[PDB]
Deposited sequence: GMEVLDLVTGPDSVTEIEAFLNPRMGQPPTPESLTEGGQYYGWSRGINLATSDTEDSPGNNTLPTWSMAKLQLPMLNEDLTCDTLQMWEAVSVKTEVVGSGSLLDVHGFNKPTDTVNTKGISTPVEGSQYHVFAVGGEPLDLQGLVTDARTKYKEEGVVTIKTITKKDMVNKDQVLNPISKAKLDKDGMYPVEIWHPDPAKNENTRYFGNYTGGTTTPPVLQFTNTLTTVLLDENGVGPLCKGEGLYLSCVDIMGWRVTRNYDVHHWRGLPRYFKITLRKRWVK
């Protein structure tokens, strides 16, 4: 699989596959009930704050995590491998943020009037396509943060030891692979630029508290995945890995300004071709 040779031609030598990845903002897909917690699906549960400089214990369901899927491609086997050539990707549903008729904190709080404040604030959009899991590099705001041990994969899960001060900057010890959906918090785990030779990733961040969310969408834009040498990600064991996170901001409730993260689903249409290798 090391030496990359000619493209393979002939029947079924090119394929397209599509997938959507639902966001993982904190509330899991179940319970489905719209009274017992399912009404928060697509959102986090209410963000809970530290009680002191030394007591920061966020709930698992308040922490957005990476979405990921591993897709199995047609069996193939000088061997052949599937090569990801390009991707059309789209974040769906920004129009739903035009709902300003709900029960959020209103724009006129004196009289409880105006409109229901739309989703605003910090936004984070990353997607990746690769032929193996996305390589992750840990880096946190606060190495003292007391993440739960169960239900979430954090730096301590990997090292078996408490975070160190270097984890607030770049600590090469704190690395992982995005091998599970809805488990790796995005406030901890970042694409690792020192690895990911077989993955392309693309991200942006906009911060603030009331920042207007911005999003574009079209079915006419293709992201090429080929590297400088004309070679796309090569799918080891015919596995294709898709990873993303799409945070639009928070809604704010009428009770103590409780914030809920809002995420939106991402569509992928990947074009792949067979490549000779040895």
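- The sole unmodelled region of the deposited chain is 78-83.
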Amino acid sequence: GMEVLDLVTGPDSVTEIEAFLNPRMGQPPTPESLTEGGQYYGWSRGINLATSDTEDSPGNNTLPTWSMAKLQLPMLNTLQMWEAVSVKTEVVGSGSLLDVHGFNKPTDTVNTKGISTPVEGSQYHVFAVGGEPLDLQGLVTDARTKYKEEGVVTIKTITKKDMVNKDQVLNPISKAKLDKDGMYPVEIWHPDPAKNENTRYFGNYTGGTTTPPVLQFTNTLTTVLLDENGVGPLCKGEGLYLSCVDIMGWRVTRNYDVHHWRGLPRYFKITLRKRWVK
From here on, numbers count along this sequence of modelled residues.
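Think of the rigid core as the biggest set of C-alphas that the two forms share within 1.5 Å after superposition.
- Looking at 230-238 and 248-256, the one farther from the shown form in 4 other deposited structures of this protein by average CA distance, after a rigid core fit, turns out to be 230-238.
- Taking 160-168 and 104-112 in turn, the stretch whose Cα atoms are more displaced from the shown form in 4 other deposited structures of this protein following rigid core superposition is 104-112.
- Mean CA temperature factor is higher for 235-243 when stretches 36-44 and 235-243 are set side by side in the entry.
- The deposited model assigns a higher average Cα B-factor to 219-227 than to the other stretch when 219-227 and 53-61 are compared.
- Among all modelled residues in this chain, the alpha-carbon of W82 has a temperature factor (C-alpha) in the highest third.
- For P74, the recorded CA B-factor ranks within the highest third of the chain. Only modelled residues enter the ranking.
- Annotation for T30: C-alpha temperature factor in the highest third relative to the rest of the modelled chain, per the entry.
- The deposited CA B-factor of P133 belongs to the middle third of values across its chain.
- Annotation for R200: CA B-factor lies in the middle third of the chain's modelled residues.
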